[PDB]
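# Structure assessment
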There are 2 protein chains.
Amino acid sequence: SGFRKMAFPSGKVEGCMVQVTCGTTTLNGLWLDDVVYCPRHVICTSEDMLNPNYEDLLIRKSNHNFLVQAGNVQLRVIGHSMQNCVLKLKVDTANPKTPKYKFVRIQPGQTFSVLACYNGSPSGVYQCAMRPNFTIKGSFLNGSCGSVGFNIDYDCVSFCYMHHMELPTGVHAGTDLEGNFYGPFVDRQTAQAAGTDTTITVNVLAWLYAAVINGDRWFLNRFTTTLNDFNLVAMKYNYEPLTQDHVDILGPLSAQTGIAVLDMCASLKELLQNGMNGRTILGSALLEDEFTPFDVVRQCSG
Amino acid sequence: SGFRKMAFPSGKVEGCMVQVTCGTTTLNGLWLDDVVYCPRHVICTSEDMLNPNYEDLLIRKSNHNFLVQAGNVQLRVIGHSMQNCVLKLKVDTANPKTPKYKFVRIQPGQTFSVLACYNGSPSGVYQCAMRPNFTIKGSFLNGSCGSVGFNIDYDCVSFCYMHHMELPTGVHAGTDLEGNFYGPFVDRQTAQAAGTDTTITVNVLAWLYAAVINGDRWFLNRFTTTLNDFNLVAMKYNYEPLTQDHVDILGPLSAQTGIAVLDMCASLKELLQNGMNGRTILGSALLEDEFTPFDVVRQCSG
Ligand SMILES: O=C(Cc1cncc2ccccc12)N(Cc1cc(F)cc(Cl)c1)c1ccc(-c2c[nH]cn2)cc1
Ligand SMILES: O=C(Cc1cncc2ccccc12)N(Cc1cc(F)cc(Cl)c1)c1ccc(-c2c[nH]cn2)cc1
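Reading the values: the criteria
- Residues numbered from 1 in each chain as written, not as in the entry; some residues may be left out.
- Chains lettered and ligands numbered in written order.
- Heavy atoms only, no water.
- Residues with missing side-chain atoms left out of burial classes, pairs and counts.
- Near = heavy atom within 4 Å.
- Polar contact = N/O pair within 3.5 Å; in protein donor to acceptor, adjacent residues only side chain to side chain.
- Areas by Shrake-Rupley, 256 points an atom, 1.4 Å probe, with all protein chains shown as cover.
- Helix = DSSP H or I, 4+ residues; strand = E, 2+ residues; numbered from the N terminus.
- Nonpolar A, V, L, I, M, F, W, Y, C, P; charged D, E, K, R; others polar.
- Least-squares fit on C-alpha atoms.
- Contact = heavy atoms within 4.5 Å.
- Pairing = 2+ DSSP bridges.
- Axes fitted to C-alpha atoms, helices over the stretch in contact; angles between N-to-C directions.

Method of determination, as given in the entry header: X-ray crystallography; reported resolution: 2.40 Å.

Labelled according to the PDB entry, chain A appears under the name 3C-like proteinase, originating from Severe acute respiratory syndrome coronavirus 2. Listed as the entry title in the PDB record is "SARS-CoV-2 3CLPro in complex with N-(4-(1H-imidazol-4-yl)phenyl)-N-(3-chloro-5-fluorobenzyl)-2-(isoquinolin-4-yl)acetamide".

This is the structure:
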């Protein structure tokens, strides 16, 4: 037992991280098969990033302008194209360490592991969630761009995130592996508004279920509620509206604990309305929304 | 910027995790060079674990009683010895993937990454601290035994932890890689008292420094204090006594932020005496003690 924020093992992804330089700028790339993926603002100078013309900048660029390094082994670029906001550099050598992989575009609420990298060398690994406003609250310094987020199913790495930038508010934004930004964001250094950041209600219910599973029971109460009454309270407290699908997905944990989803909701309503009164739940004095129901099952089942 | 609980990349360790079976019991082993290390209670049945005679159980054991698996590749055991509470099984094959490694015995307060494994297959990775009472608050189900904790310096894996058991209180205990339990603990399933669990004061100061580094300033006050006055408050609140060495080690962060250690202590005294009044620090409503000053520098410097 016990319950921690846990990242996927990062080995399969470590062996695809490469260093990518263009002129003076260096950032991280992901080498899969004979293609390196990386953020397209690698072709910018610091002057360029306020209002870059990516077509015009890329036209001044030849294959031999892209330096791609893999430890000390270094790749010859033979093709280069821009797909939305990513560079796809065709290289002569297929990655011997390519896992079985897939590109996927996750949904707000869903979680993934980030392998934070600098100069193509892995530095650390942590789990984070795609917030409802399509930002992520991560840990990224300059040069981390091109780091990726990913889940692992058995043997298959599903790449969902590539890091592009830090908004002036100090949160983070990036694309899927086809170059489409999550959220309304653009890759120029400007003032960009994220939306209101609501709380991912279903995750919070999953986290309460993990709490009961690991001994923390003090918040189980004697009330029930309806889904609509709970949704009223939820929107009062800027929570995501809870739908029938969310109740379905919480089904398994409801069954293993013997606690009906709607009674967990009554518990959570009482916590939103009264606080926690200085108590703690799984060693936190806040309500945690970064565990999906699948994350709780995978941790509580092995 | 941003600040997260971040684990080392786990690849170098993944390639040493193996499966180890003896009779009916299976757990995880660490294969380095031509030696597999694993917990010695692998030689027990469920009956045996209340009062095991490890010498007498091991004498009924031959090399061919230990099944060591590496994915599907399987190792022939040629030697076996018991060192304190670990089995060292000499195998014919050296691990092609052996990193440069070292065995180290960390100190309370220090942190490491755990690669939680089942049946020799890695499941997840997370960062945790050796508590002052030599337990760790981890995430371990039955079968995780033999999982290891480790730090990485450049290219060198320093193994410090191997997981043996869960105390009935739901916290976790284990050994260094020579088989010496951290803490007063024994590998029999009995009621074992851990000490009082104090808070690792120096880590809390490091975490406040990371907080200021990332924009959270609301807790900087206008008071100062002495080291002895602060130690009085600290022991009132069951904190680790803060020593000159701790002030030294906090030096670098004091310099980068321009905030004198003793003024950070005055801040922390005021937080211990008044709470946080519903505010948050780096997205937590508790005082976090699981970042060492080195962890803060490594995250805030890349
Ligand atoms: O944020 C970033 C990157 C970034 C990401 N993560 C954490 C960071 C931490 C500190 C500093 C930068 C970080 N930017 C700025 C930026 C770029 C955009 F595309 C859109 C926006 Cl809103 C803002 C960046 C991007 C490119 C460059 C650049 C290109 N070649 C030379 N330099 C330089 C800066
Ligand atoms: O705790 C554990 C292991 C354990 C570790 N982590 C998380 C766990 C989560 C759930 C269950 C067990 C977990 N034990 C019991 C135990 C062993 C000791 F050595 C000392 C103590 Cl105080 C307690 C264990 C050890 C060995 C065995 C066993 C051997 N062969 C057949 N079975 C069976 C059980």
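From this point, the discussion proceeds with the structure in view.
### So, the site of ligand 1
Residue and element names in this part refer to chain A. Surveying the vicinity of ligand 1 reveals 20 residues, the closest of which are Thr 25, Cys 44, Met 49, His 163 and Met 165. With respect to ligand 1, the side chain of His 163 contributes an N or O atom lying 2.8 Å from a nitrogen atom. Interatomic distance of 3.0 Å between a backbone N/O atom of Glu 166 and an oxygen atom of ligand 1. In the complex, the protein chains occlude 84% of the 680 Å² of accessible area that ligand 1 would expose alone. By residue number, the principal contributor to the shell around ligand 1 is strand β12 (residues 156-166), which donates four residues. A class-by-class count of the residues in the shell around ligand 1 yields six nonpolar, 11 polar and three charged.

### Some details on the relation of the copies chain B and chain A
For the pair chain B and chain A, the relating rotation is 180 degrees, the translation along its axis is 0.0 Å, and the fit reaches an RMSD of 0.0 Å. Viewed as a symmetry operation, the transformation between the two copies matches a two-fold axis. Of every C-alpha in chain B, the one belonging to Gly 11 of chain B sits nearest the axis of rotation, 1.8 Å from it. Here 100% of the contact residues of chain B are again contact residues in chain A; the copies associate through an equivalent surface.

### What to know about the site of ligand 2
All names here are of chain B. In the vicinity of ligand 2, 20 residues are found, and the nearest of them are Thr 25, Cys 44, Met 49, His 163 and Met 165. Between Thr 25 and ligand 2, the recorded distance is 3.0 Å, taken from a side-chain N or O atom to a nitrogen atom. The separation between a nitrogen atom of ligand 2 and a polar side-chain atom of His 163 is 2.8 Å. The protein chains hide 84% of the 680 Å² of surface that ligand 2 would expose on its own. In terms of residues, the shell around ligand 2 owes the most to one element, strand β12 (residues 156-166), which gives four residues. Partitioned by chemical class, the residues of the shell around ligand 2 number six nonpolar, 11 polar and three charged.

### What about the sheet that holds strand β6 (residues 77-83) of chain B?
Residues and elements named next belong to chain B. What the seven strands build is an open sheet, ordered β5-β4-β1-β2-β3-β7-β6; its pairing is antiparallel. A single partner strand is all that each edge strand has here, and the edge strands are β5 (73-75) and β6. Along the sheet, successive strands turn relative to each other by an average axial angle of 30 degrees, direction set aside. Bridging between β6 and strand β7 (residues 86-91) involves six bridges; their strand directions are antiparallel. Residue pairing in the sheet places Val 77 in a bridge with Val 91 of β7.

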